[PDB]
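Considered here are two forms of the same protein chain, supplied as structure tokens in two stand-alone entries, structure 1 and structure 2.
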Structure 1
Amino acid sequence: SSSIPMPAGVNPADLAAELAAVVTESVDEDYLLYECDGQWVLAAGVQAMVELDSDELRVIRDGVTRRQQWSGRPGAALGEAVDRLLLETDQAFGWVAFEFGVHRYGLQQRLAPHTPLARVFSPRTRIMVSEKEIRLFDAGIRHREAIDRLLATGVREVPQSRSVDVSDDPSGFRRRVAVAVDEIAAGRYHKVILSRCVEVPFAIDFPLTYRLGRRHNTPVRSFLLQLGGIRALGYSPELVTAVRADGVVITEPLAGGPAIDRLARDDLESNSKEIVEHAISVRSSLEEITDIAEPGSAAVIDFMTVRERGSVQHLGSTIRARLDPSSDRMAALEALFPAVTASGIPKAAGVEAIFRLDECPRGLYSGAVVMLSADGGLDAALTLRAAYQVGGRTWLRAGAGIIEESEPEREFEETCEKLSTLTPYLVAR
């Protein structure tokens, strides 16, 4: 492990995104950049890839693909493969699809064959960028020379963004919300999150868009990736699960000018509908975390407080527990996935309603971006406020929590508001 001092007057997010863009392009390698607690970790190059699909598990290393049949819990299949990765490298990175969370509710038969559940890789090199320093892990000579060449120059100018039209409704979001409202009125479930894709008619420069959007937002976590033909970036508004080496498990569900921002904060703390849903959600997180925790260790340590994320303020709680010796970090992720914010209440009913009333598979949207460590660590950020590119198609995706009182026009405008997090910050390629 070697170190380079962080150059003064340079923002870590900008430098990490520039390294991700230029260093990985010169050697033509895949990567994942993950921001977590002031640290930007760039996982560059694929030493080994774990592909978990609905019908198969693959481990691809040095041109060789090992295929495996799997049965039971997807977390057990993923965990066993990722633990083997972590015996050779200190950290592993990737993404978990929304579809990974359907098995706990017995809904996996509704998945088409070859449905992606997770993609986790061990990188060839890691570059950690923070305000204090740049730390290099397993960086070969060719990579160290590329990093020094990038550092001898200033970061690129971020060009002006290109606007996107989000006013159209080709997937019939308004109609699908009306169906959900009728189902809720009939007592089938209490809440469901429905969403819509918005096609971007031009190719996006992902690392430059990442930089422009990160200037205005201070999210819980962020990511930028180019992995297995998928380009993605996002500003995670929620921590699904964090597992520490000492056994502490955390989950932080959310639920919700200077004078205008203070008035919005006062409403966020007094809104009855938001308070009721938050209490139900906190109770759901507590019941779920108790199935993997040491008896009597589950507790709410921060209850209903505002967290400022720069351009967005959230009402949230922190649920903590100690991981039971009979459980593991993948079981903890399975117990807390999918998030209530990504599914609905009751969670099983919300997930089932999403199969019928949303464009499926969701893939990365409402899934998680993850960082795992050899000492047992896990960090999983909820994937919302994200942009994607897969084989010629570039798109955004945003949803809304639909309840009995929801109105289709109001909820369409609510997805328009969530889309505003990225739409003015899209840099064209």
Structure 2
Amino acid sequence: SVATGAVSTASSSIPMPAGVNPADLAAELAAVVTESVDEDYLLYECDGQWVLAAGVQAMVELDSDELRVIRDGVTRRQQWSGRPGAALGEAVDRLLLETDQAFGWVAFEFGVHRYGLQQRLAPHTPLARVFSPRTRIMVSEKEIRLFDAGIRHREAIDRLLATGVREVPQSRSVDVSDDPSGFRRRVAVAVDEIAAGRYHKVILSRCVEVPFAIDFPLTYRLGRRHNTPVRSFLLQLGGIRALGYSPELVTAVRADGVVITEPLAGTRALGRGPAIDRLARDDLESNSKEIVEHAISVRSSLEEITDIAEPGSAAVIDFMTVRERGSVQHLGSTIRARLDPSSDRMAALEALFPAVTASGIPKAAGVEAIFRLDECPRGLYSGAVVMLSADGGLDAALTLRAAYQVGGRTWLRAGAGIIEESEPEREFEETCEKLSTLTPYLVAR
């Protein structure tokens, strides 16, 4: 599972009691374990394992202008040039010499350097934050595994197993029908650029301000019982709080060399009744426009994966099937390959980042159009939440279907892939469908 190879603990597992849900226990642990000590954390769900990385032992901060390594209140600064993946990889490999796993996030802006667009970034633009935790607690349906977990973490687990998790309170509604960023006018500009032949597709997005503060662990729990994401996360790291139900896996690199990527394209609503959802499912599977965009994205994923894979190892093992993602359903393909000996996990991330779902087609022209037609910098939105291991593992989830809090600002953000035949009204409605992954499940603070 996640706990394989170098990711190991000699500690005995605690068996999971019968009616206890792992997402609820892990999110409650994140709230309790860090409230009493005011410490940062990242909860990452990966293949049935909810990994709670609690406390910051060491932090790697990659900005557009410098790289910092912070440990025990001491900051080491350094200038960097060239690929941001090479700079981040070198600093994170040093963290992983002392600990078996590292966690964090990668901003959308991390992906602009491969296209020669980094000079458009403002000074001190955040690119990545990756830390090694003080403690890890892995929760699954079967058991709870502890990695360097003290008496305090054990007492917290024991109290939650004895009393049970908190009841999730009532949710508070938010209106997403307003368009203060002029998303529909920005879509019409992109449609005219595509008609003029500048590019084939660009992903544009809009922010939705939440007019009240939310409780991130309780909102995470409520939304997770109504969603089926590929990965999910809940974090409090520095100045940002975030939660999300990642619909798409940018890349998974295992220590045994297997590389996985799972591109998505096309969207229909889900959760509106069985017969209506099955009409939308049949429409999505047979719709010419959605099929063309899905095949063009698979062709792009195969090109990027071929650059970092052993020759003849790239393979589509699941092609163009409907993937259900709570309030929406999409076309998805699963691509598998073997990491070439001349390549590494950071090079694999750099080849597959940004996702087509975050940029466009061709990816270089989509990223350039996003600088002009979307609210920049995007930050965490359309970037990735990552988990790395000492033996070469990397798991990167696309940061979509997420909520954020920085300062007093709480917001949601959703986008749509705009093509030549796009109608601004249908693209706006598609952002509402994607926003419905979280809007009925916001628990106020």
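In this text, the rigid core denotes the largest set of C-alpha atoms whose superposition between the two forms falls within 1.5 Å. Every residue number counts along structure 1's sequence, beginning with 1.
Would you mind telling me which residue of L107, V179, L151, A76 shifts its Cα by 2 Å or more between structures 1 and 2 when the core is superposed? One residue passes the 2 Å cut-off, namely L151.
Exceeds or equals 2 Å, Cα of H314 between structures 1 and 2, core fit: The answer is yes, as the C-alpha of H314 shifts between structures 1 and 2 by 2 Å or more after core alignment.
Shift of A264 between structures 1 and 2 at or above 2 Å (CA, core fit): Where the cores coincide, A264 still shows a C-alpha shift between structures 1 and 2 that is 2 Å or more.
After a core superposition, would you say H190 shifts its C-alpha by at least 2 Å between structures 1 and 2? Shift of 2 Å or more: no.
What does the CA of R142 shift by between structures 1 and 2 after fitting on the core? Give it in Å to one decimal. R142 C-alpha displacement between structures 1 and 2, core-aligned: 3.0 Å.
In Å, how large is the C-alpha displacement of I292 between structures 1 and 2 after the rigid core is aligned? So the C-alpha of this residue moves 1.2 Å.
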